[PDB]
file coords_8.cif (mmCIF, C-alpha atoms (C1' of nucleotides); chains and numbers go by the auth columns)
data_entry
#
loop_
_atom_site.group_PDB
_atom_site.id
_atom_site.type_symbol
_atom_site.label_atom_id
_atom_site.label_comp_id
_atom_site.label_asym_id
_atom_site.label_seq_id
_atom_site.Cartn_x
_atom_site.Cartn_y
_atom_site.Cartn_z
_atom_site.B_iso_or_equiv
_atom_site.auth_seq_id
_atom_site.auth_asym_id
ATOM 1 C CA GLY A 1 -35.899 21.753 9.088 0.00 1 A
ATOM 2 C CA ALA A 2 -36.119 20.129 12.512 0.00 2 A
ATOM 3 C CA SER A 3 -39.907 20.603 12.662 0.00 3 A
ATOM 4 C CA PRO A 4 -42.726 20.334 10.110 0.00 4 A
ATOM 5 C CA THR A 5 -43.610 24.016 10.504 0.00 5 A
ATOM 6 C CA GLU A 6 -40.267 25.296 9.179 0.00 6 A
ATOM 7 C CA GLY A 7 -37.829 23.557 6.876 0.00 7 A
ATOM 8 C CA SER A 8 -36.707 22.857 3.334 0.00 8 A
ATOM 9 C CA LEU A 9 -37.625 19.167 3.015 0.00 9 A
ATOM 10 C CA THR A 10 -39.397 18.129 6.232 0.00 10 A
ATOM 11 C CA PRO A 11 -42.393 20.521 5.991 0.00 11 A
ATOM 12 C CA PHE A 12 -43.585 18.568 2.945 0.00 12 A
ATOM 13 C CA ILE A 13 -42.960 14.978 4.116 0.00 13 A
ATOM 14 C CA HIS A 14 -44.220 15.350 7.698 0.00 14 A
ATOM 15 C CA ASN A 15 -47.371 13.465 6.664 0.00 15 A
ATOM 16 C CA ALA A 16 -45.692 10.919 4.359 0.00 16 A
ATOM 17 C CA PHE A 17 -45.208 8.311 7.116 0.00 17 A
ATOM 18 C CA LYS A 18 -47.729 5.583 7.861 0.00 18 A
ATOM 19 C CA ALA A 19 -49.561 6.208 11.119 0.00 19 A
ATOM 20 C CA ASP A 20 -48.010 3.259 12.958 0.00 20 A
ATOM 21 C CA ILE A 21 -44.434 4.507 12.567 0.00 21 A
ATOM 22 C CA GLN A 22 -43.561 6.858 15.438 0.00 22 A
ATOM 23 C CA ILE A 23 -39.794 6.376 15.921 0.00 23 A
ATOM 24 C CA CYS A 24 -37.786 5.908 12.741 0.00 24 A
ATOM 25 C CA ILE A 25 -34.177 6.102 11.570 0.00 25 A
ATOM 26 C CA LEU A 26 -33.325 6.122 7.867 0.00 26 A
ATOM 27 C CA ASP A 27 -30.158 6.377 5.776 0.00 27 A
ATOM 28 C CA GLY A 28 -30.155 7.779 2.272 0.00 28 A
ATOM 29 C CA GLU A 29 -28.882 10.241 -0.301 0.00 29 A
ATOM 30 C CA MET A 30 -30.002 13.834 -0.830 0.00 30 A
ATOM 31 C CA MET A 31 -30.035 15.251 -4.361 0.00 31 A
ATOM 32 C CA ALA A 32 -31.588 17.985 -6.500 0.00 32 A
ATOM 33 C CA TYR A 33 -34.792 17.503 -8.503 0.00 33 A
ATOM 34 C CA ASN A 34 -35.861 19.567 -11.521 0.00 34 A
ATOM 35 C CA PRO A 35 -39.687 19.444 -11.767 0.00 35 A
ATOM 36 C CA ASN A 36 -40.206 21.135 -15.133 0.00 36 A
ATOM 37 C CA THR A 37 -38.427 18.107 -16.614 0.00 37 A
ATOM 38 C CA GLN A 38 -39.206 15.710 -13.734 0.00 38 A
ATOM 39 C CA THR A 39 -35.558 14.636 -13.705 0.00 39 A
ATOM 40 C CA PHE A 40 -32.718 14.532 -11.204 0.00 40 A
ATOM 41 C CA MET A 41 -30.043 17.185 -11.699 0.00 41 A
ATOM 42 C CA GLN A 42 -26.745 15.315 -11.656 0.00 42 A
ATOM 43 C CA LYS A 43 -24.287 16.625 -9.088 0.00 43 A
ATOM 44 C CA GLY A 44 -21.814 19.179 -10.397 0.00 44 A
ATOM 45 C CA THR A 45 -22.457 22.256 -12.514 0.00 45 A
ATOM 46 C CA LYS A 46 -24.983 24.985 -11.650 0.00 46 A
ATOM 47 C CA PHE A 47 -25.943 23.772 -8.152 0.00 47 A
ATOM 48 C CA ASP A 48 -24.718 22.428 -4.821 0.00 48 A
ATOM 49 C CA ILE A 49 -27.270 20.503 -2.762 0.00 49 A
ATOM 50 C CA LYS A 50 -25.497 21.612 0.435 0.00 50 A
ATOM 51 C CA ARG A 51 -26.243 25.354 0.089 0.00 51 A
ATOM 52 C CA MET A 52 -29.015 25.591 -2.516 0.00 52 A
ATOM 53 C CA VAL A 53 -30.352 29.085 -3.159 0.00 53 A
ATOM 54 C CA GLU A 54 -33.985 29.611 -2.193 0.00 54 A
ATOM 55 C CA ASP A 55 -35.036 31.382 -5.402 0.00 55 A
ATOM 56 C CA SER A 56 -34.041 28.411 -7.582 0.00 56 A
ATOM 57 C CA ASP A 57 -36.888 26.254 -8.888 0.00 57 A
ATOM 58 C CA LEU A 58 -34.881 23.095 -8.148 0.00 58 A
ATOM 59 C CA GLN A 59 -35.922 21.272 -4.990 0.00 59 A
ATOM 60 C CA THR A 60 -34.527 18.663 -2.578 0.00 60 A
ATOM 61 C CA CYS A 61 -35.232 14.932 -2.909 0.00 61 A
ATOM 62 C CA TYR A 62 -34.328 12.164 -0.451 0.00 62 A
ATOM 63 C CA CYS A 63 -33.715 8.666 -1.830 0.00 63 A
ATOM 64 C CA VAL A 64 -33.740 6.089 0.970 0.00 64 A
ATOM 65 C CA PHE A 65 -31.804 2.822 0.900 0.00 65 A
ATOM 66 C CA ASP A 66 -31.880 1.510 4.490 0.00 66 A
ATOM 67 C CA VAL A 67 -33.780 1.556 7.780 0.00 67 A
ATOM 68 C CA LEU A 68 -32.095 1.097 11.156 0.00 68 A
ATOM 69 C CA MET A 69 -34.897 1.429 13.724 0.00 69 A
ATOM 70 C CA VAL A 70 -38.712 1.380 13.616 0.00 70 A
ATOM 71 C CA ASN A 71 -40.898 1.538 16.747 0.00 71 A
ATOM 72 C CA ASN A 72 -38.046 0.779 19.151 0.00 72 A
ATOM 73 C CA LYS A 73 -36.998 -2.228 17.058 0.00 73 A
ATOM 74 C CA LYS A 74 -33.256 -2.480 16.400 0.00 74 A
ATOM 75 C CA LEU A 75 -32.810 -3.611 12.795 0.00 75 A
ATOM 76 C CA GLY A 76 -29.031 -3.211 12.654 0.00 76 A
ATOM 77 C CA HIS A 77 -28.356 -6.922 13.123 0.00 77 A
ATOM 78 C CA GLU A 78 -30.954 -8.188 10.631 0.00 78 A
ATOM 79 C CA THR A 79 -30.263 -9.163 7.034 0.00 79 A
ATOM 80 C CA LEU A 80 -30.543 -6.726 4.141 0.00 80 A
ATOM 81 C CA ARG A 81 -33.660 -8.410 2.749 0.00 81 A
ATOM 82 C CA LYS A 82 -35.543 -7.985 6.017 0.00 82 A
ATOM 83 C CA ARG A 83 -34.564 -4.318 6.293 0.00 83 A
ATOM 84 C CA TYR A 84 -35.730 -3.777 2.708 0.00 84 A
ATOM 85 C CA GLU A 85 -39.076 -5.411 3.474 0.00 85 A
ATOM 86 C CA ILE A 86 -39.587 -3.321 6.614 0.00 86 A
ATOM 87 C CA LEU A 87 -38.587 -0.214 4.652 0.00 87 A
ATOM 88 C CA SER A 88 -41.323 -0.948 2.128 0.00 88 A
ATOM 89 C CA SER A 89 -43.854 -0.550 4.977 0.00 89 A
ATOM 90 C CA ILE A 90 -42.635 2.782 6.409 0.00 90 A
ATOM 91 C CA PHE A 91 -43.714 5.587 4.071 0.00 91 A
ATOM 92 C CA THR A 92 -45.874 5.797 0.978 0.00 92 A
ATOM 93 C CA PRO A 93 -43.507 7.505 -1.485 0.00 93 A
ATOM 94 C CA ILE A 94 -44.492 10.939 -2.770 0.00 94 A
ATOM 95 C CA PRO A 95 -42.347 11.540 -5.867 0.00 95 A
ATOM 96 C CA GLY A 96 -40.154 14.623 -5.828 0.00 96 A
ATOM 97 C CA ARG A 97 -39.742 14.754 -2.054 0.00 97 A
ATOM 98 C CA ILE A 98 -39.031 11.238 -0.738 0.00 98 A
ATOM 99 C CA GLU A 99 -38.456 7.998 -2.638 0.00 99 A
ATOM 100 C CA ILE A 100 -37.126 4.449 -2.315 0.00 100 A
ATOM 101 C CA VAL A 101 -34.222 3.337 -4.491 0.00 101 A
ATOM 102 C CA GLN A 102 -35.219 0.444 -6.732 0.00 102 A
ATOM 103 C CA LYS A 103 -33.143 -2.732 -6.423 0.00 103 A
ATOM 104 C CA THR A 104 -33.296 -5.506 -9.026 0.00 104 A
ATOM 105 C CA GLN A 105 -32.631 -9.161 -8.246 0.00 105 A
ATOM 106 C CA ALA A 106 -29.804 -10.520 -10.390 0.00 106 A
ATOM 107 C CA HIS A 107 -27.779 -13.743 -10.331 0.00 107 A
ATOM 108 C CA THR A 108 -25.601 -13.596 -13.456 0.00 108 A
ATOM 109 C CA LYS A 109 -22.752 -11.430 -14.713 0.00 109 A
ATOM 110 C CA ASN A 110 -24.501 -10.602 -17.989 0.00 110 A
ATOM 111 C CA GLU A 111 -27.077 -8.759 -15.877 0.00 111 A
ATOM 112 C CA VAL A 112 -24.329 -6.713 -14.207 0.00 112 A
ATOM 113 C CA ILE A 113 -22.810 -5.695 -17.538 0.00 113 A
ATOM 114 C CA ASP A 114 -26.270 -4.892 -18.912 0.00 114 A
ATOM 115 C CA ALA A 115 -27.006 -2.677 -15.909 0.00 115 A
ATOM 116 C CA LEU A 116 -23.662 -0.881 -16.216 0.00 116 A
ATOM 117 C CA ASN A 117 -24.154 -0.315 -19.950 0.00 117 A
ATOM 118 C CA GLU A 118 -27.644 1.073 -19.347 0.00 118 A
ATOM 119 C CA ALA A 119 -26.330 3.310 -16.562 0.00 119 A
ATOM 120 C CA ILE A 120 -23.660 4.725 -18.864 0.00 120 A
ATOM 121 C CA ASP A 121 -26.428 5.216 -21.430 0.00 121 A
ATOM 122 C CA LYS A 122 -28.480 7.218 -18.913 0.00 122 A
ATOM 123 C CA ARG A 123 -25.325 9.204 -18.023 0.00 123 A
ATOM 124 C CA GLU A 124 -24.894 7.923 -14.477 0.00 124 A
ATOM 125 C CA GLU A 125 -21.718 7.180 -12.553 0.00 125 A
ATOM 126 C CA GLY A 126 -22.118 3.402 -12.424 0.00 126 A
ATOM 127 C CA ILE A 127 -23.996 0.692 -10.541 0.00 127 A
ATOM 128 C CA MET A 128 -23.679 -0.862 -7.087 0.00 128 A
ATOM 129 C CA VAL A 129 -24.279 -4.403 -5.847 0.00 129 A
ATOM 130 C CA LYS A 130 -25.619 -5.486 -2.451 0.00 130 A
ATOM 131 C CA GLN A 131 -25.375 -8.897 -0.801 0.00 131 A
ATOM 132 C CA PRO A 132 -28.847 -9.999 0.385 0.00 132 A
ATOM 133 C CA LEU A 133 -27.521 -11.369 3.699 0.00 133 A
ATOM 134 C CA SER A 134 -25.187 -8.469 4.547 0.00 134 A
ATOM 135 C CA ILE A 135 -25.435 -6.935 8.024 0.00 135 A
ATOM 136 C CA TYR A 136 -25.029 -3.216 8.750 0.00 136 A
ATOM 137 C CA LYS A 137 -21.509 -2.643 10.094 0.00 137 A
ATOM 138 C CA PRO A 138 -21.084 1.085 10.797 0.00 138 A
ATOM 139 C CA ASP A 139 -17.846 2.718 9.603 0.00 139 A
ATOM 140 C CA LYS A 140 -16.688 -0.405 7.710 0.00 140 A
ATOM 141 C CA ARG A 141 -16.013 -0.508 3.976 0.00 141 A
ATOM 142 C CA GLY A 142 -16.438 -3.314 1.467 0.00 142 A
ATOM 143 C CA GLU A 143 -18.336 -5.755 3.696 0.00 143 A
ATOM 144 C CA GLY A 144 -21.565 -6.364 1.781 0.00 144 A
ATOM 145 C CA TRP A 145 -21.727 -3.327 -0.508 0.00 145 A
ATOM 146 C CA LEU A 146 -19.744 -3.084 -3.749 0.00 146 A
ATOM 147 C CA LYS A 147 -19.553 -0.395 -6.428 0.00 147 A
ATOM 148 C CA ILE A 148 -18.733 -0.641 -10.140 0.00 148 A
ATOM 149 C CA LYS A 149 -17.890 2.140 -12.599 0.00 149 A
ATOM 150 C CA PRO A 150 -16.655 2.181 -16.211 0.00 150 A
ATOM 151 C "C1'" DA B 1 53.088 -77.036 4.711 0.00 1 B
ATOM 152 C "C1'" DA B 2 53.040 -72.350 2.627 0.00 2 B
ATOM 153 C "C1'" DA B 3 51.008 -68.589 -0.403 0.00 3 B
ATOM 154 C "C1'" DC B 4 47.072 -66.186 -2.398 0.00 4 B
ATOM 155 C "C1'" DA B 5 42.115 -64.957 -2.827 0.00 5 B
ATOM 156 C "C1'" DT B 6 37.585 -63.988 -0.594 0.00 6 B
ATOM 157 C "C1'" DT B 7 34.691 -62.325 3.122 0.00 7 B
ATOM 158 C "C1'" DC B 8 33.164 -59.669 7.150 0.00 8 B
ATOM 159 C "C1'" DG B 9 32.981 -56.148 10.778 0.00 9 B
ATOM 160 C "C1'" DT B 10 34.925 -51.698 10.914 0.00 10 B
ATOM 161 C "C1'" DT B 11 35.956 -46.946 9.400 0.00 11 B
ATOM 162 C "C1'" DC B 12 35.613 -42.691 6.797 0.00 12 B
ATOM 163 C "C1'" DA B 13 33.413 -39.731 3.577 0.00 13 B
ATOM 164 C "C1'" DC B 14 29.434 -37.861 1.260 0.00 14 B
ATOM 165 C "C1'" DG B 15 24.414 -37.020 0.469 0.00 15 B
ATOM 166 C "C1'" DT B 16 19.340 -36.062 2.021 0.00 16 B
ATOM 167 C "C1'" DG B 17 15.419 -34.821 5.279 0.00 17 B
ATOM 168 C "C1'" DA B 18 13.706 -32.160 9.463 0.00 18 B
ATOM 169 C "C1'" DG B 19 14.042 -28.381 13.066 0.00 19 B
ATOM 170 C "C1'" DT B 20 15.466 -23.442 14.424 0.00 20 B
ATOM 171 C "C1'" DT B 21 16.601 -18.358 13.693 0.00 21 B
ATOM 172 C "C1'" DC B 22 16.857 -14.203 10.864 0.00 22 B
ATOM 173 C "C1'" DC B 23 15.272 -11.426 7.003 0.00 23 B
ATOM 174 C "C1'" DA B 24 12.691 -9.914 2.250 0.00 24 B
ATOM 175 C "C1'" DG B 25 8.320 -9.255 0.497 0.00 25 B
ATOM 176 C "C1'" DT B 26 3.005 -8.429 0.511 0.00 26 B
ATOM 177 C "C1'" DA B 27 -1.937 -7.091 1.751 0.00 27 B
ATOM 178 C "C1'" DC B 28 -4.305 -3.786 3.979 0.00 28 B
ATOM 179 C "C1'" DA B 29 -5.469 0.167 7.758 0.00 29 B
ATOM 180 C "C1'" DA B 30 -4.764 4.760 8.499 0.00 30 B
ATOM 181 C "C1'" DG B 31 -2.476 9.382 7.764 0.00 31 B
ATOM 182 C "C1'" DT B 32 -1.598 12.525 4.579 0.00 32 B
ATOM 183 C "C1'" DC B 33 -2.054 14.948 0.336 0.00 33 B
ATOM 184 C "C1'" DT B 34 -4.794 17.117 -3.412 0.00 34 B
ATOM 185 C "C1'" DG B 35 -8.653 18.812 -7.163 0.00 35 B
ATOM 186 C "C1'" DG B 36 -13.457 20.700 -8.190 0.00 36 B
ATOM 187 C "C1'" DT B 37 -17.847 22.732 -6.896 0.00 37 B
ATOM 188 C "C1'" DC B 38 -21.182 25.889 -4.852 0.00 38 B
#

call {"tool": "encode", "arguments": {"input": "coords_8.cif", "output": "structure tokens"}}
result
Amino acid sequence: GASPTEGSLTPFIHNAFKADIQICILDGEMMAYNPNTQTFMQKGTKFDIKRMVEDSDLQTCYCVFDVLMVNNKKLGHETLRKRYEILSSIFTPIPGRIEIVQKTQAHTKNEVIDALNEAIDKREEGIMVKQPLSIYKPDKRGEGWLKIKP
DNA sequence: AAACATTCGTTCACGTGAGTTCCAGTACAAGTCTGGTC
């Protein structure tokens, strides 16, 4: 949906943005949410989030992890911490339709292994790590973002 | 007074360090390939 009147995810989150924010760019991941369990349907069997069938009870959820512009302010060159803080003041999350990915501060390896073990326990792919001072470099790989899997 | 031994500047050979050119190997970007799913 390109307008609040008609869409599959936008008609519900039109009014989820604080009044001050008028121009806003966000980056995130789109996934499928099962409400009867209140759990995210892991990608794979029984559904594709690209061409979901209307009759299905599953719905679309947007998990945000970055902001690149708010009220004609260019946040590309700022540090990750600042972008996170500004992101916290964009929308009031409304579970099931738009959310912010939680990030935990960690400064030891035991924490990383604990997180990976817990992720495997919750049947997730893995865990990723972000450098607090990393800048957004479009199209580049392995600059401030790292991923870890079993 | 004559013969023999020692010494010194000279010569050759051999060994070691530094500069130059050519080539083997390595890390990573990008192209290409492929599987599964709806």

call {"tool": "closest_residue", "arguments": {"input": "coords_8.cif", "among": "A:3, A:22, A:10, A:45", "to": "chain B", "atoms": "only C-alpha atoms (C1' of nucleotides)"}}
result
A:45

call {"tool": "interface_residues", "arguments": {"input": "coords_8.cif", "of": "chain A", "to": "chain B", "cutoff": "8 Å", "atoms": "all atoms listed in the file", "output": "ChimeraX atom specification"}}
result
/A:44-48,51

call {"tool": "atom_distance", "arguments": {"input": "coords_8.cif", "atom1": "atom CA of residue 146 of chain A", "atom2": "atom CA of residue 116 of chain A"}}
result
13.3 Å

call {"tool": "residues_near_point", "arguments": {"input": "coords_8.cif", "point": "(-28.5, -9.1, 12.6)", "cutoff": "10 Å", "atoms": "all atoms listed in the file", "output": "number ranges by chain"}}
result
A: 74-80, 82-83, 133-137

call {"tool": "axis_aligned_box", "arguments": {"input": "coords_8.cif", "around": "segment 4-10 of chain A", "padding_each_side": "4 Å", "output": "JSON"}}
result
{"center_x": -40.2, "center_y": 21.7, "center_z": 6.8, "size_x": 14.9, "size_y": 15.2, "size_z": 15.5}

call {"tool": "atom_distance", "arguments": {"input": "coords_8.cif", "atom1": "atom CA of residue 120 of chain A", "atom2": "atom CA of residue 105 of chain A"}}
result
19.6 Å

call {"tool": "resolve_selection", "arguments": {"input": "coords_8.cif", "expression": "the PyMOL selection byres ((chain A and resi 24) around 6)", "output": "list in words"}}
result
residues 23, 25, 69 and 70 of chain A

call {"tool": "atom_distance", "arguments": {"input": "coords_8.cif", "atom1": "atom CA of residue 127 of chain A", "atom2": "atom CA of residue 150 of chain A"}}
result
9.4 Å

call {"tool": "closest_residue", "arguments": {"input": "coords_8.cif", "among": "A:129, A:68, A:58, A:26", "to": "residue 109 of chain A", "atoms": "only C-alpha atoms"}}
result
A:129

call {"tool": "resolve_selection", "arguments": {"input": "coords_8.cif", "expression": "the PyMOL selection byres ((chain B and resi 27-30) around 12)", "output": "list in words"}}
result
residues 140 and 141 of chain A; 25, 26, 31 and 32 of chain B

call {"tool": "resolve_selection", "arguments": {"input": "coords_8.cif", "expression": "the PyMOL selection byres ((chain A and resi 130) around 6)", "output": "JSON, numbers by chain"}}
result
{"A": [129, 131, 144, 145]}

call {"tool": "closest_residue", "arguments": {"input": "coords_8.cif", "among": "A:28, A:138, A:95, A:126", "to": "residue 59 of chain A", "atoms": "all atoms listed in the file"}}
result
A:95

call {"tool": "residues_around", "arguments": {"input": "coords_8.cif", "residues": "segment 14-16 of chain A", "least_positions_apart": "5", "cutoff": "7 Å", "atoms": "only C-alpha atoms (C1' of nucleotides)", "output": "list in words"}}
result
residues 4, 91 and 92 of chain A

call {"tool": "residues_around", "arguments": {"input": "coords_8.cif", "residues": "residue 39 of chain A", "least_positions_apart": "4", "cutoff": "12 Å", "atoms": "all atoms listed in the file", "output": "ChimeraX atom specification"}}
result
/A:31-35,58-61,95-96,122

call {"tool": "residues_around", "arguments": {"input": "coords_8.cif", "residues": "residue 1 of chain A", "least_positions_apart": "4", "cutoff": "12 Å", "atoms": "all atoms listed in the file", "output": "CSV table (one decimal) with C-alpha atoms, in the frame of the given file"}}
result
chain,number,residue,atom,x,y,z
A,5,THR,CA,-43.6,24.0,10.5
A,6,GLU,CA,-40.3,25.3,9.2
A,7,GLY,CA,-37.8,23.6,6.9
A,8,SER,CA,-36.7,22.9,3.3
A,9,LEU,CA,-37.6,19.2,3.0
A,10,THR,CA,-39.4,18.1,6.2
A,11,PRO,CA,-42.4,20.5,6.0
A,12,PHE,CA,-43.6,18.6,2.9
A,13,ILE,CA,-43.0,15.0,4.1
A,14,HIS,CA,-44.2,15.4,7.7

call {"tool": "residues_around", "arguments": {"input": "coords_8.cif", "residues": "segment 100-102 of chain A", "least_positions_apart": "2", "cutoff": "7 Å", "atoms": "all atoms listed in the file", "output": "number ranges by chain"}}
result
A: 63-65, 104
